[PDB]
Amino acid sequence: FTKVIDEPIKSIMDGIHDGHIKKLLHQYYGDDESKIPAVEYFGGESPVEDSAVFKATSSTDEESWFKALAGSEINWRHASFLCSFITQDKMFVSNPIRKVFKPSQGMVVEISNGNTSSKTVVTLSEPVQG
Amino acid sequence: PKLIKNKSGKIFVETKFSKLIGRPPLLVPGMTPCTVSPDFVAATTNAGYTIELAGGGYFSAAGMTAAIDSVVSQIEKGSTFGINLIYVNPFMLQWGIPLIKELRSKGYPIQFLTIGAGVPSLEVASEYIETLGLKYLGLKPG
């Protein structure tokens with residue numbers, strides 16, 4: 001298969017991916033791109049209600065807590081609570097949103113407009129001087 | 001295998017692999033000498049594909065650090081790349097693993113480590129999984 005000299009790496013890799021897309025589209029999606037499901041962003045998936053309120057305890061499970069805050073829909077809020085990393089210029093640091101919303105006794109998270117991503121507000125409330 | 005598209009209308013082949021990395025499930029493996037070049041590692045990363053920088057082309061932490069810094073300078077913000085180290089080159093591992101640990105601690109965009117030419121022991125693999133701050137570990141069983 002190594003025949004064409006100085007093909008750009010993008011043309012080679014795209015050519016393979018676009019070939020796979022074309023064949024899957026024919027075989028499994030009846031040649032129709034409209035049947036391909038859409039998500040806001042693709043990636044970050046480990047291979048393993050409008051108004052809500054969540055109360056952290058000492059025994060609260062961290063993964064279940066972040067899934068609950070993340071929601072079901074793939075949007076800014078899913079990324080905020082489930083991305084292990086964020087970017088600082090070209091560096092990849094620990095997600096600070098996960099650090100701040102790490103669950104502990106007394107933390108109360110109110111999600112408002114949970115179903116409309118553009119308007120969703122996640123509000124953490126904690127005990128301050130009682 | 002499935003098709004999925006993002007908000008921009010980019011179609012991806014969706015597999016266990018592509019779902020993790022958010023890119024087509026197609027990788028350029030570590031090759032001494034083809035992927036020792038920071039320019040090829042950067043060109044492939046910028047094309048939107050996973051590529052391993054080959055440690056086989058490097059003899060010290062300083063020389064590999066300069067190559068990594070050259071890749072990081074040429075790739076877009078938010079892009080990542082991997083490193084391929086050779087398990088039957090104990091010297092490469094001895095400077096290679098501490099380097100990755102140290103660069104990851106500084107937040108360098110090293111998504112994964114592939115170990116070529118042998119599979120580590122459970123104890124070594126645990127060290128790589130727990131200490132190197134990697135998204136995933138590439139293994140090449142023969």
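Just so you know, all these numbers are worked out from the coordinates, no wet-lab data involved. Note that each Cβ is placed from the backbone with ideal geometry, even for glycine, and that neighbours are counted across all protein chains shown.
Can you give the local net charge around A:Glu126? Use residues other than it whose beta-carbon is closer than 13 angstrom to its beta-carbon, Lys and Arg +1, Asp and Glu -1.
+1
Just to verify a number: FRET efficiency for A:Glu126 and B:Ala125, C-beta to C-beta distance, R0 = 41 Å, to 0.05?
0.55
Given 4 °C and 1.567 mPa s, compute D for region B:18-100 with the Stokes-Einstein relation, Rh being the Kirkwood radius over Cα pairs; round to the nearest whole µm²/s. Provide the component values of the computation, followed by the final result.
Numbers: Rh = 12.9 Å.
D, rounded to a whole number, is 100 µm²/s.
Ignore the peptide's own chain and count Cβ atoms of other chains within 10 Å of each Cβ in A:90-99; give me the average, rounded.
3
Give or take rounding to whole Å, what are the principal axis extents of the alpha carbon atoms in region A:1-41, in descending order?
37, 25, 10
What residues qualify as long-range amide H neighbours of B:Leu53, i.e. H under 5 Å apart, gap of 5 or more or another chain, H built at 1.01 Å from N?
HN-HN under 5 Å from B:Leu53: B:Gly82, B:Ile83, B:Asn84.
Tell me the angle of helix B:90-105 to the major Cα principal axis of chain B, expressed in degrees between 0 and 90 and rounded to the nearest ten.
Relative to chain B, helix B:90-105 is tipped by roughly 50 degrees.
What net charge is computed for the residues neighbouring A:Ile36, neighbours being all others with C-beta under 12 Å from the C-beta of A:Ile36, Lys and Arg scored +1, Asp and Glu -1?
0
Nearest 5 percent is fine: what portion of the DSSP beta bridges confined to the protein assembly as shown is antiparallel?
50
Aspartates and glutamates within cross-link reach of B:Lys7: Cα-Cα under 19 Å, excluding same-chain residues under 8 positions apart?
The qualifying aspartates and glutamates are A:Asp18, A:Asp32, A:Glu33, A:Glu40, A:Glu45, A:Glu73.
Provide the FRET efficiency to the nearest 0.05 for the A:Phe1-A:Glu45 pair, computing r from the beta carbons and using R0 = 22 Å.
0.10
Against the longest alpha carbon principal axis of chain B, how many degrees, from 0 to 90 and to the nearest 10, is the axis of helix B:61-74 turned?
Long axis of B:61-74 versus the principal axis of chain B: about 20 degrees.
Taking chain B as a Gaussian network, where each spring joins two C-alpha atoms under 10 Å apart, which residue of B:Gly63, B:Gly30, B:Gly55 fluctuates the most?
Highest fluctuation among the options: B:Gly63.
Would you mind checking the tilt of helix B:122-131 against the longest principal axis of the Cα atoms of chain B, expressed as 0 to 90 degrees and rounded to 10?
The two axes meet at around 60 degrees.
Just grab the label-to-label distance for B:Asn46 and A:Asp32, each label 7 Å out from Cα along the Cβ direction, in nm (one decimal).
Spacing of the two 7 Å Cα→Cβ label points: 4.0 nm.
Just to be sure I understand the curve: with the Debye formula and one point per C-alpha of the protein assembly as shown, what is log10 I(q)/I(0) at q = 0.12, 0.13 Å⁻¹?
One equal scatterer on each Cα of the protein assembly as shown leads to -0.88, -0.99.
Between region B:36-69 and region A:7-59, what is the C-alpha centre distance in whole Å?
Taking the Cα centre of each part, region B:36-69 and region A:7-59 sit 27 Å apart.
Excluding B:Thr15 itself, what net charge comes from residues whose Cβ is under 12 Å from its Cβ, given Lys and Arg +1 and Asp and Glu -1?
+2
May I ask which of B:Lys5/B:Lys101; A:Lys10/B:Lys77; A:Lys10/B:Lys19; A:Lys67/B:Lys77 have a Cα-Cα span longer than 29 Å here? Mind dumping the intermediate values first?
Details: B:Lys5/B:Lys101 34 Å; A:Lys10/B:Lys77 19 Å; A:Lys10/B:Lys19 20 Å; A:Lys67/B:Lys77 27 Å.
Pairs exceeding 29 Å: B:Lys5/B:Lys101.
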